[PDB]
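Before any questions on binding or motion, here is one chain by itself as structure tokens, the form deposited in one PDB entry.
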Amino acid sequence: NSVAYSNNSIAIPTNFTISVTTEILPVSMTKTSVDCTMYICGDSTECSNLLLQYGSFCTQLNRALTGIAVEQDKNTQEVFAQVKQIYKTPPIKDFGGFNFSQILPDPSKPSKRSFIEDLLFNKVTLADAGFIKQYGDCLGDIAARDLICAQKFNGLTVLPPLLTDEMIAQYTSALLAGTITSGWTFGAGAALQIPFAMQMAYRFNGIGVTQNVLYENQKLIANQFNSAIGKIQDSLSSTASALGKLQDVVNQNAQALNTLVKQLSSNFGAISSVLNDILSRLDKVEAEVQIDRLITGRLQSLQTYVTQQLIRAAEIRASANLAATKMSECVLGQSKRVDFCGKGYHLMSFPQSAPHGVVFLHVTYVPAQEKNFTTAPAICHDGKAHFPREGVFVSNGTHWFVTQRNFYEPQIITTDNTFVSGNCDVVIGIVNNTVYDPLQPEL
């Protein structure tokens, strides 16, 4: 506000020089297209395959670059469909049909008491009726010690049936003596044959008791052998049956184990195949995500490029409007605007064609020599502050004149050159001068 009355210097030209100026204004823009495939993906196959799933955004970008507005609507052309091509998992069978059999888990608690008394079947054979060590040592080699040292039993008298040479000789001699005395004696002289019959009966009783002992021993051996053979047969049959049952159980367990091994191999193969497929899918997904990240980054870069191109197109349309108005105001007319039809005061302009632009040949005159003059916003001649019309107030140091800003022509301040505006109070900046008015035409 205070700079209004600061009597700033105004440059008023004095001389001019004709100058020719050439100006180029862009009107149209070269049609720029964008190939998103080559921009986002540089000679990459998987990149293009993944970009094919991003949609038809490149078509919208190209239509926006050509000058066609992008439509705002719903998804009547793009579908988020899925096919679910996932494979079915191989059947991992359950291990429930494997029943390993035992031998005697719980057979109603039989508890069979065998009680094999095979050791108790021993033959404790009874001895003989004697005459084994007593008679054998008492007789010796003397036949006279046969009758006087004859062994006996608990209620009988026994003698061994083994005779000797001297024994039978003495027996024959006694028999002959008895037979001789029987034919010559009437009393008891024939008693010599009594000991013969006595020892004969004793040997008979000995043979009988030995035969009885042997028969009892044979009966004992027979019954003991029968019982032992029966028990051995029973034990062997039971052992064979138990061994057969155990062998059947072992064979069943072995078959079940073979089947289990086969099913286990099948299940492990299925699990391995599933794991391999899962790992392949994981690797594919990781690679696809790592590619999509860079795809998104390059899409942001391409969107920035498209924004730049659209802003450039808008600026070129503005420059085309400027070229049209410059044509209308410089070629079809003489503009009074300063530094519009070139640089200076316009005289005449000529248009020239150009690729994507218009060339203007501006013929104007520039101020050769300029002089600074002290100016004021208004003067005051006894009130009624006057401001200049079609020109500015110019002072050379002592006098004030009115002239236009293009050329210096000092003219006296008259009423026909200025306009009154109120009084000299509101107008900031007041100088006192005299407004003459001759109005005297000559000739």
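Rigid core (definition): largest C-alpha set, two forms, superposition within 1.5 Å. A residue's number is simply how far along the shown sequence it sits, counting from 1.
Just so you know, the form deposited in another entry exists too; it's not on screen, but the next bit is about it.
Just one of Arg293, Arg312, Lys245, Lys336 moves its Cα by 2 Å or more between the shown form and the other one on a rigid core overlay, and this residue is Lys336. When the rigid core is held fixed, the Cα atom of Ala376 travels 2 angstroms or more between the shown form and the other one. A movement of the C-alpha atom of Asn62 falling short of 2 angstroms is seen between the shown form and the other one when the two forms are aligned on their rigid core. In a rigid-core overlay of the protein, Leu260 has its C-alpha displaced by under 2 Å between the shown form and the other one.
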